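Structure record follows, encoded as structure tokens.
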There are 2 protein chains.
Amino acid sequence: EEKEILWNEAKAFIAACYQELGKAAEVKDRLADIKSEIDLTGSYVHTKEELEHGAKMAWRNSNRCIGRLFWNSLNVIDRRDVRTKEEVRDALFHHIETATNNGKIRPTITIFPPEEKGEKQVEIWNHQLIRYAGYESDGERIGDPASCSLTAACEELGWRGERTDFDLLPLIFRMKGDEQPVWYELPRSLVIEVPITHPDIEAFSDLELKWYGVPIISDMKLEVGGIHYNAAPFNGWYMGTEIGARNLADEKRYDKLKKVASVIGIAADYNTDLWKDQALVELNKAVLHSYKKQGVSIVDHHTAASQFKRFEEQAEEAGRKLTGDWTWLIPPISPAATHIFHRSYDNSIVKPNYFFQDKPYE
Amino acid sequence: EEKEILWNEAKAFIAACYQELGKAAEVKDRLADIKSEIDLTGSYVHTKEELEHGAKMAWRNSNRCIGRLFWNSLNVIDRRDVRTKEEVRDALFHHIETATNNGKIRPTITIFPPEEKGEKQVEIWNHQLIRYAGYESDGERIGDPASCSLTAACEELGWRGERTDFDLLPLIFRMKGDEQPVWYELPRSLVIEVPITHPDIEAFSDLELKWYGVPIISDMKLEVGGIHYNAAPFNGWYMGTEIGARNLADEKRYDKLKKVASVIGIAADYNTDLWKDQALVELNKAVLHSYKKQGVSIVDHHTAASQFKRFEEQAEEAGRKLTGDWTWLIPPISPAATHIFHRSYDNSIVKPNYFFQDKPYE
Ligand code: HEM
Ligand code: HEM
Ligand SMILES: Cc1cc(N)nc(CCCCCO[C@H]2CNC[C@H]2Cc2cc(C)cc(N)n2)c1
Ligand SMILES: Cc1cc(N)nc(CCCCCO[C@H]2CNC[C@H]2Cc2cc(C)cc(N)n2)c1
Ligand SMILES: C[C@H](O)[C@H](O)[C@H]1CNc2nc(N)[nH]c(=O)c2N1
Ligand SMILES: C[C@H](O)[C@H](O)[C@H]1CNc2nc(N)[nH]c(=O)c2N1
Ligand SMILES: [Cl-]
Ligand SMILES: [Cl-]
């Protein structure tokens with residue numbers, strides 16, 4: 001019955017994919033080959049063109065993503081050939097280097113061998129390839145609480161963090177056959193970080209905030225035509241609010257708004273003063289400014305929404321249904337100033353797509 | 001079959017209502033009386049206690065409302081006795097006066113006779129009892145575009161607006177039996193308005209913004225135990241963002257952000273400057289400040305969310321399911337700074353409730 005589900009997802013995908021590629025004539029023959037490949041082997045192997053287009057369709061179908069206008073320029077790196085932990089480590093280091101591109105960030109995905117029988121070939125433990133550690137013990141809170149459990153798991157494996165608020169977590173992943181993952185410290189030369197300064201409030205530097213340049217999500221599953229690529233890390237550039245309104249601002253993350261309020265010189269005493277809102281705006285201006293100043297790609301939420309409107313228009317012109325999750329598409333800063341807020345979106349799940357999967361730790 | 005639906009909604013309501021009122025023993029007898037009243041007459045009449053508690057339950061069940069903590073202190077005025085247009089007009093003037101309460105606003109609802117056979121007894125045309133007119137002709141845009149169609153309908157009836165950006169619309173309503181509604185100009189003595197000034201930017205006054213004190217929604221239907229009170233205007237006090245982030249800010253409403261940006265002295269040239277966001281925060285500070293300074297009730301969105309959290313806790317403690325519409329509960333300014341943003345809500349519709357109904361104009 002496994003062959004059955006797989007075959008159905010493959011027909012649907014190849015038909016859709018080849019139609020978009022203008023290769024509609026080649027479908028019947030490609031599907032034949034697939035059909036006997038599934039029979040003989042229990043699975044099938046994507047061509048480089050299918051895998052590339054699939055990863056691109058999956059981004060286009062990600063309901064939560066405002067950045068989708070650029071789906072068709074995704075840089076797909078095919079690493080289905082890897083067999084050893086050194087190869088994975090080097091594929092992961094290369095992805096960081098090439099996606100970063102000296103600050104001019106290239107949306108990239110590196111695709112590792114897929115699941116075989118539900119059996120993972122490579123299992124990445126990181127939530128993002130570049131992320132800060134978090135520690136919580138004896139009342140003390142250091143670093144990013146979102147990382148606290150993975151940080152504790154790395155420290156079970158003989159890694160030790162310096163316990164700054166910005167320790168980079170090592171890459172950590174497990175190969176099939178191994179009972180424990182291995183970890184490798186990131187070469188600092190590969191990792192761009194941006195110190196947060198404000199364009200006109202000189203004291204803002206006193207907070208000593210920084211963030212890393214590239215969000216490289218490494219814990220989702222790419223599903224393309226029934227094939228499950230559980231290890232396929234991908235990146236874009238940040239939208240400023242992700243850093244300024246959530247990572248640095250959330251009470252359960254870095255929780256910096258009171259400190260922001262103090263350095264910009266406003267009281268943080270009365271809700272009616274809207275000091276959180278004012279602090280949020282200044283922190284978000286700082287973030288955009290700082291990335292720009294350092295020559296690292298970033299997009300503000302107004303420009304991002306204006307790009308997403310073009311994505312909507314493009315979908316319509318192409319005859320494609322648009323899907324989206326309004327609750328994640330709206331930015332957390334001035335959402336009613338974007339067109340997104342004032343319309344609704346069909347939150348249907350269309351495949352190919354990226355999916356959440358269970359963490360091997362916790 | 002009409003008796004059938006009505007009877008079912010009545011059983012459900014009386015049982016629930018009397019249980020909450022600790023009058024559970026009186027249900028069987030009250031339901032008997034109702035049953036024969038529906039038989040004889042085709043309907044039934046609520047007791048003053050049922051009608052009051054029903055209006056209060058309806059507020060408690062309004063999924064879109066963040067202000068619900070205070071549901072049980074709603075002031076219910078029973079005006080089911082009205083039969084003439086002078087009586088309706090005076091009930092409506094009284095509601096404005098008593099709800100305003102010299103600025104210390106009292107959440108109030110005035111309940112008019114309900115629909116009889118689907119036939120309305122009184123049909124209110126206003127969306128709110130106090131609202132500004134809107135005009136759009138020959139490229140010119142004056143006043144509130146949200147009012148443009150009702151404004152045009154009033155002007156068909158011999159009313160003429162002065163064409164300021166803040167003309168008060170007359171009360172306009174139709175009595176059953178009349179083919180046309182009547183209109184009555186609001187006595188300005190009854191209507192509190194608040195000029196918008198900023199606590200520390202003196203030039204803000206140059207915009208000459210103002211807004212009215214009390215939002216009195218007059219176009220929804222109150223449904224209680226199968227009875228349809230299509231005319232039952234109700235009010236609370238504003239949450240500042242309704243005025244500052246939407247009525248004064250939306251491009252399709254007063255559209256004031258560019259003007260705000262100019263008077264607070266920031267450029268409105270680059271999305272990455274976050275000038276809309278900064279303008280929004282300053283406009284919203286001004287609004288809160290101005291209401292407070294004038295002694296008119298208002299609540300900021302942080303305090304409102306903190307009150308709503310208590311409503312959630314109270315619902316849990318009482319064993320009541322909570323319902324809510326996340327998409328309307330989040331404020332349009334810094335939504336991620338409220339707890340509302342970080343949880344989900346069941347958007348089920350529970351009765352008694354307030355419902356949208358079709359406008360008689362347009
Ligand atoms: C090019 C710049 C990009 C920007 C500015 C962008 C922006 C965003 C934002 C703001 C979110 C919401 C995240 C949150 O609030 O937690 C998001 C979610 C997402 N984006 Fe994009 N994105 C970009 C590129 C990409 C790429 C290249 C892919 C995949 C190939 C992708 C797939 C997704 C997915 C799957 C989610 C949902 C993640 C989850 O469920 O946790 N995005 N994006
Ligand atoms: C006491 C102060 C109150 C505050 C601060 C408050 C706040 C709000 C807010 C902010 C909204 C969203 C409006 C929008 O974005 O369009 C809303 C919706 C609503 N409120 Fe309240 N509210 C209050 C009192 C009341 C009262 C007294 C009732 C009824 C008895 C009520 C019933 C509703 C209803 C029915 C809606 C949805 C209206 C619609 O569907 O268009 N509220 N409230
Ligand atoms: C590629 C990319 C570019 C860009 N600018 N931004 C992103 C953001 C992806 C989200 C990253 C953080 O997501 C974490 C924190 N919020 C949700 C959590 C991920 C998650 C968790 C769970 C339980 C489910 C789910 N679908 N996704 C991705
Ligand atoms: C009582 C009260 C207090 C307070 N602070 N705020 C309110 C706000 C009620 C909403 C007033 C404005 O609503 C208008 C503009 N947005 C939605 C529209 C009303 C509406 C329209 C439609 C088509 C459906 C619907 N359910 N409601 C009500
Ligand atoms: C965290 C919680 O699930 C909440 O409902 C959602 C909704 N809105 C969001 N929107 C974005 N872009 N990112 C998020 O993490 C969340 N959180
Ligand atoms: C206007 C459009 O329907 C949009 O989806 C909604 C969602 N969020 C909202 N939230 C509130 N409080 N008020 C509104 O008018 C809207 N608009
Ligand atoms: Cl992030
Ligand atoms: Cl309003």
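Residue names in the structure tokens use chain letters A, B, ... in the order shown, residue numbers from 1 in each chain, and ligand numbers from 1 in the order shown.
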
**Q.** Test item: residues lying within 8 Å of ligand 2 with only C-alpha atoms and all ligand atoms, as a ChimeraX atom specification
**A.** /B:55-56,58-59,62-68,70-71,74,106-109,217,220,234-239,241-242,298-299,304,328-329,331,353-356

Generate a file of the selected residues that holds C-alpha atoms, formatted as an mmCIF file, in the first residue's frame.
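Saved file out_24.cif follows:
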```
data_model
loop_
_atom_site.group_PDB
_atom_site.id
_atom_site.type_symbol
_atom_site.label_atom_id
_atom_site.label_comp_id
_atom_site.auth_asym_id
_atom_site.auth_seq_id
_atom_site.Cartn_x
_atom_site.Cartn_y
_atom_site.Cartn_z
ATOM 1 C CA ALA B 55 -28.006 41.253 25.879
ATOM 2 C CA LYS B 56 -25.225 40.628 28.352
ATOM 3 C CA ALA B 58 -24.676 38.283 23.590
ATOM 4 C CA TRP B 59 -21.776 40.640 24.377
ATOM 5 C CA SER B 62 -19.079 38.329 20.568
ATOM 6 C CA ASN B 63 -15.978 36.605 19.202
ATOM 7 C CA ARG B 64 -14.541 39.785 17.751
ATOM 8 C CA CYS B 65 -14.651 41.868 20.912
ATOM 9 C CA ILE B 66 -11.592 42.411 23.113
ATOM 10 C CA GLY B 67 -13.629 44.446 25.575
ATOM 11 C CA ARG B 68 -15.691 41.577 26.921
ATOM 12 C CA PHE B 70 -17.106 43.953 31.389
ATOM 13 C CA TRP B 71 -20.024 42.059 29.843
ATOM 14 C CA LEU B 74 -23.783 46.329 30.501
ATOM 15 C CA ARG B 106 -21.288 53.711 30.313
ATOM 16 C CA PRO B 107 -21.567 50.613 28.107
ATOM 17 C CA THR B 108 -25.277 50.701 27.244
ATOM 18 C CA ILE B 109 -27.755 49.064 24.876
ATOM 19 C CA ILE B 217 -23.168 50.623 16.840
ATOM 20 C CA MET B 220 -26.545 44.951 14.195
ATOM 21 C CA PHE B 234 -25.089 49.514 21.838
ATOM 22 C CA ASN B 235 -21.882 51.295 22.830
ATOM 23 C CA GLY B 236 -18.668 50.911 24.793
ATOM 24 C CA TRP B 237 -15.673 53.242 24.927
ATOM 25 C CA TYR B 238 -13.068 53.219 22.187
ATOM 26 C CA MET B 239 -9.814 51.348 22.178
ATOM 27 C CA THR B 241 -6.161 51.961 17.895
ATOM 28 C CA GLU B 242 -9.673 51.952 16.393
ATOM 29 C CA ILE B 298 -10.758 55.299 26.255
ATOM 30 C CA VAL B 299 -8.490 52.249 26.635
ATOM 31 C CA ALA B 304 -7.420 46.134 26.753
ATOM 32 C CA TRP B 328 -10.171 40.628 14.939
ATOM 33 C CA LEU B 329 -8.957 40.277 18.505
ATOM 34 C CA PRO B 331 -4.761 44.961 17.768
ATOM 35 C CA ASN B 353 -25.178 37.124 19.930
ATOM 36 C CA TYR B 354 -25.003 40.288 17.791
ATOM 37 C CA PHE B 355 -25.154 39.787 14.015
ATOM 38 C CA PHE B 356 -24.491 41.756 10.895
#
```

Q | Residue neighbourhood segment 144-148 of chain B, 12 Å, only C-alpha atoms, exclusion window fewer than 6 positions, as number ranges by chain | A | B: 125-128, 130-137, 154-155, 161, 163-170, 211, 246-256, 361-362

Using C-alpha atoms, can you export the residues from the last selection as an mmCIF file, in the first residue's frame?
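Below is the file that was written, again_21.cif:
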```cif
data_model
loop_
_atom_site.group_PDB
_atom_site.id
_atom_site.type_symbol
_atom_site.label_atom_id
_atom_site.label_comp_id
_atom_site.auth_asym_id
_atom_site.auth_seq_id
_atom_site.Cartn_x
_atom_site.Cartn_y
_atom_site.Cartn_z
ATOM 1 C CA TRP B 125 -30.182 53.173 8.845
ATOM 2 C CA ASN B 126 -27.151 54.563 10.710
ATOM 3 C CA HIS B 127 -24.133 52.322 11.125
ATOM 4 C CA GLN B 128 -23.340 54.266 14.333
ATOM 5 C CA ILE B 130 -22.757 59.263 15.856
ATOM 6 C CA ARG B 131 -20.695 59.179 12.641
ATOM 7 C CA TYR B 132 -19.202 61.586 10.080
ATOM 8 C CA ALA B 133 -20.510 62.040 6.522
ATOM 9 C CA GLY B 134 -18.454 61.246 3.446
ATOM 10 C CA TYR B 135 -18.571 62.781 -0.012
ATOM 11 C CA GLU B 136 -16.900 61.752 -3.246
ATOM 12 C CA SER B 137 -17.572 63.537 -6.491
ATOM 13 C CA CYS B 154 -29.585 61.064 3.477
ATOM 14 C CA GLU B 155 -29.129 63.661 0.757
ATOM 15 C CA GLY B 161 -24.239 68.246 4.634
ATOM 16 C CA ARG B 163 -19.111 69.287 3.466
ATOM 17 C CA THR B 164 -16.559 69.697 6.211
ATOM 18 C CA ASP B 165 -14.517 66.598 6.885
ATOM 19 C CA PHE B 166 -16.500 66.096 10.097
ATOM 20 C CA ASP B 167 -20.218 66.631 9.308
ATOM 21 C CA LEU B 168 -22.347 64.648 11.799
ATOM 22 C CA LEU B 169 -24.870 62.471 9.964
ATOM 23 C CA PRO B 170 -28.433 62.830 11.112
ATOM 24 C CA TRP B 211 -13.008 62.264 16.600
ATOM 25 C CA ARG B 246 -7.798 52.600 11.414
ATOM 26 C CA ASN B 247 -10.332 55.486 11.220
ATOM 27 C CA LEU B 248 -7.700 58.225 10.952
ATOM 28 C CA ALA B 249 -4.966 56.062 9.287
ATOM 29 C CA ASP B 250 -6.504 53.712 6.687
ATOM 30 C CA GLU B 251 -5.968 54.835 3.076
ATOM 31 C CA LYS B 252 -9.661 54.177 2.469
ATOM 32 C CA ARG B 253 -10.706 56.199 5.553
ATOM 33 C CA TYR B 254 -9.120 59.522 6.576
ATOM 34 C CA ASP B 255 -5.660 58.538 5.269
ATOM 35 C CA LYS B 256 -3.661 60.894 7.525
ATOM 36 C CA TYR B 361 -29.773 51.522 1.433
ATOM 37 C CA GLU B 362 -27.257 50.430 -1.254
#
```

With 7 Å as the limit and counting only C-alpha atoms, what residues in chain B lie close to chain A? Please list them as a CSV table (one decimal) with N, CA and C atoms, in the first residue's frame.
```csv
chain,number,residue,atom,x,y,z
B,271,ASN,N,10.6,53.2,2.5
B,271,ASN,CA,9.9,52.2,3.4
B,271,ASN,C,10.8,51.8,4.5
B,272,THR,N,12.1,51.7,4.3
B,272,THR,CA,13.1,51.2,5.3
B,272,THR,C,13.2,52.2,6.5
B,273,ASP,N,12.7,53.4,6.4
B,273,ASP,CA,12.7,54.3,7.5
B,273,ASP,C,11.6,54.0,8.5
B,274,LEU,N,10.7,53.1,8.0
B,274,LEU,CA,9.5,52.8,8.9
B,274,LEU,C,8.7,54.0,9.3
B,277,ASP,N,5.1,53.4,10.4
B,277,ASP,CA,5.0,52.8,11.7
B,277,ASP,C,5.2,53.9,12.8
B,278,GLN,N,6.2,54.7,12.6
B,278,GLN,CA,6.5,55.8,13.5
B,278,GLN,C,5.3,56.8,13.6
B,281,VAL,N,2.5,55.2,15.5
B,281,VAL,CA,2.7,55.2,17.0
B,281,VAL,C,2.4,56.6,17.5
B,285,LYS,N,-0.5,57.7,20.2
B,285,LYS,CA,-0.2,58.4,21.4
B,285,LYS,C,-1.1,59.7,21.6
B,288,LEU,N,-4.8,58.8,22.5
B,288,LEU,CA,-5.0,58.4,23.9
B,288,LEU,C,-4.9,59.6,24.8
B,300,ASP,N,-6.2,51.9,26.0
B,300,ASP,CA,-5.1,51.5,25.1
B,300,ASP,C,-5.2,50.0,24.8
B,302,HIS,N,-2.9,47.7,25.0
B,302,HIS,CA,-2.2,46.8,26.0
B,302,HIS,C,-3.0,46.5,27.2
B,303,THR,N,-3.6,47.6,27.7
B,303,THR,CA,-4.5,47.5,28.9
B,303,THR,C,-5.7,46.6,28.5
B,332,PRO,N,-4.3,46.2,15.7
B,332,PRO,CA,-3.5,46.5,14.5
B,332,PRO,C,-2.2,47.3,14.7
B,333,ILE,N,-1.8,47.5,16.0
B,333,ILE,CA,-0.6,48.2,16.4
B,333,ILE,C,0.1,47.2,17.3
B,334,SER,N,1.4,46.9,17.0
B,334,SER,CA,2.2,45.9,17.9
B,334,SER,C,1.4,44.7,18.4
B,335,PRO,N,0.8,44.0,17.5
B,335,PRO,CA,0.0,42.8,18.0
B,335,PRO,C,0.8,41.8,18.7
B,336,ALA,N,2.0,41.5,18.3
B,336,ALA,CA,2.8,40.5,19.0
B,336,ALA,C,3.2,40.9,20.4
```

Q: Check the smallest atom-to-atom distance from each of B:48, B:28, B:342, B:95 to ligand 3 using only C-alpha atoms and all ligand atoms, then report the winner.
A: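 Closest residue, counting only C-alpha atoms and all ligand atoms: B:342.
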
Q. Which of segment 237-315 of chain A counts as strand (DSSP E) under DSSP, as a VMD selection string please?
A. chain A and resid 238 to 239 298 to 299

Q | DSSP helix (DSSP H, G or I) residues within segment 12-251 of chain A, listed as a ChimeraX atom specification | A | /A:12-20,24-41,48-60,68-73,85-103,145-156,188-190,202-207,240-247

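Note that atom CA of residue 352 of chain A and atom 3 (O, counted along the ligand's line) of ligand 5 are 23.0 Å apart.
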
Q.
I'd like to know which of B:209, B:190, B:267, B:57 is closest to residue 21 of chain B, using only C-alpha atoms.
A.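 Smallest distance to residue 21 of chain B is found for B:57.
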
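Atom pair atom CA of residue 54 of chain B / atom CA of residue 102 of chain B: separated by 27.5 Å.
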
Q) Which is closer to ligand 8 than all the others in B:91, B:12, B:17, B:216, using only C-alpha atoms and all ligand atoms? A)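 When distances to ligand 8 are compared using only C-alpha atoms and all ligand atoms, the smallest one comes from B:216.
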
**Q.** Residue neighbourhood residue 344 of chain B, 9 Å, only C-alpha atoms, exclusion window fewer than 4 positions, as an NGL selection string
**A.** :B and (324-326 or 340)

What does the file look like for those residues with N, CA, C and O atoms, as an mmCIF file, in the first residue's frame?
```cif
data_model
loop_
_atom_site.group_PDB
_atom_site.id
_atom_site.type_symbol
_atom_site.label_atom_id
_atom_site.label_comp_id
_atom_site.auth_asym_id
_atom_site.auth_seq_id
_atom_site.Cartn_x
_atom_site.Cartn_y
_atom_site.Cartn_z
ATOM 1 N N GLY B 324 -13.574 33.148 20.321
ATOM 2 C CA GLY B 324 -12.957 34.362 19.841
ATOM 3 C C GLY B 324 -12.489 34.222 18.405
ATOM 4 O O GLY B 324 -12.285 33.127 17.912
ATOM 5 N N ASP B 325 -12.359 35.360 17.745
ATOM 6 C CA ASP B 325 -11.864 35.465 16.368
ATOM 7 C C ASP B 325 -10.505 36.168 16.426
ATOM 8 O O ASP B 325 -10.439 37.415 16.524
ATOM 9 N N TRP B 326 -9.444 35.356 16.417
ATOM 10 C CA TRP B 326 -8.072 35.822 16.538
ATOM 11 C C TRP B 326 -7.813 36.968 15.576
ATOM 12 O O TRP B 326 -7.167 37.959 15.963
ATOM 13 N N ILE B 340 -2.660 37.857 23.147
ATOM 14 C CA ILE B 340 -3.663 37.400 22.195
ATOM 15 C C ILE B 340 -2.995 36.769 20.954
ATOM 16 O O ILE B 340 -3.345 35.674 20.507
#
```

Q) atom CA of residue 81 of chain A and atom CA of residue 225 of chain A, how far apart in Å? A) 19.5 Å
